[PDB]
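Visitor: Once you've had a glance at the structure underneath, I'll fire off some questions.
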Amino acid sequence: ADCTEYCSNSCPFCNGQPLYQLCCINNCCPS
């Protein structure tokens with residue numbers, strides 16, 4: 001949770017959205 005394992009960057013605001021692919025994978029850690 002909070003992108004603690006999904007990506008190095010922590011995103012506590014990510015759990016405020018239902019989508020994690022466009023939130024954590026894309027927005028939090030663009031690639």
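In the structure tokens, the first chain shown is A, the next is B, and so on; residue numbers restart at 1 for each chain, and ligands run from 1 in the order shown.
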Quick one: everything within 8 Å of residue 13 in chain A, counting only C-alpha atoms, minus sequence neighbours fewer than 3 positions away in the same chain. Send it as a PyMOL selection string.

Guide: chain A and resi 2+16-17

Visitor: With N, CA and C atoms retained, export the selected residues as a tab-separated table (two decimals), in the first residue's frame.

Guide:
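See again_28.tsv below for the written result:
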chain	number	residue	atom	x	y	z
A	2	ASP	N	0.28	2.36	-0.50
A	2	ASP	CA	0.98	3.63	-0.55
A	2	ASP	C	2.16	3.52	-1.49
A	16	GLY	N	-6.19	7.13	-2.93
A	16	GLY	CA	-7.34	7.99	-3.02
A	16	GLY	C	-7.96	7.81	-4.37
A	17	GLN	N	-7.38	6.92	-5.21
A	17	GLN	CA	-7.93	6.70	-6.53
A	17	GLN	C	-8.11	5.22	-6.70

Visitor: With only C-alpha atoms as the counted atoms, please give the residues lying no more than 7 Å from range 3-12 of chain A, apart from itself and same-chain residues fewer than 6 positions off, as a ChimeraX atom specification.

Guide: /A:24,28-29

Visitor: As a PyMOL selection string, please: all residues of chain A that backbone DSSP puts in helix (DSSP H, G or I).

Guide: chain A and resi 14-16+21-28

Visitor: Once you have the residues from the selection above, write them out as a compact mmCIF listing (two decimals), in the first residue's frame, restricted to N, CA, C and O atoms.

Guide:
# COMPACT_ATOMS: atom_id res chain seq x y z
N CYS A 14 -2.22 7.76 -3.69
CA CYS A 14 -2.61 6.80 -4.69
C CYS A 14 -3.80 6.01 -4.23
O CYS A 14 -4.61 5.57 -5.04
N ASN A 15 -3.94 5.80 -2.90
CA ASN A 15 -5.06 5.03 -2.40
C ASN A 15 -6.31 5.87 -2.45
O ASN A 15 -7.39 5.40 -2.08
N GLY A 16 -6.19 7.13 -2.93
CA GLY A 16 -7.34 7.99 -3.02
C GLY A 16 -7.96 7.81 -4.37
O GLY A 16 -8.95 8.47 -4.70
N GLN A 21 -2.91 1.47 -11.91
CA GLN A 21 -2.06 1.36 -13.08
C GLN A 21 -1.74 2.74 -13.61
O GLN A 21 -0.61 3.01 -14.00
N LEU A 22 -2.73 3.65 -13.62
CA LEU A 22 -2.48 4.97 -14.15
C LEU A 22 -2.02 5.87 -13.03
O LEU A 22 -1.56 6.98 -13.27
N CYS A 23 -2.10 5.38 -11.78
CA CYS A 23 -1.73 6.21 -10.66
C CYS A 23 -0.32 5.89 -10.23
O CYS A 23 0.56 6.73 -10.32
N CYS A 24 -0.07 4.66 -9.76
CA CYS A 24 1.24 4.33 -9.24
C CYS A 24 2.19 3.97 -10.35
O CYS A 24 3.29 4.51 -10.44
N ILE A 25 1.77 3.06 -11.24
CA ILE A 25 2.66 2.59 -12.28
C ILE A 25 2.98 3.70 -13.26
O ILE A 25 4.13 3.83 -13.67
N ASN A 26 1.99 4.53 -13.65
CA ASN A 26 2.28 5.56 -14.64
C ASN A 26 2.54 6.91 -14.01
O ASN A 26 3.61 7.47 -14.20
N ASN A 27 1.57 7.48 -13.26
CA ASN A 27 1.76 8.82 -12.72
C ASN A 27 2.88 8.89 -11.70
O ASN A 27 3.75 9.76 -11.80
N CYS A 28 2.90 7.99 -10.69
CA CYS A 28 3.92 8.07 -9.66
C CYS A 28 5.29 7.79 -10.23
O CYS A 28 6.25 8.45 -9.86
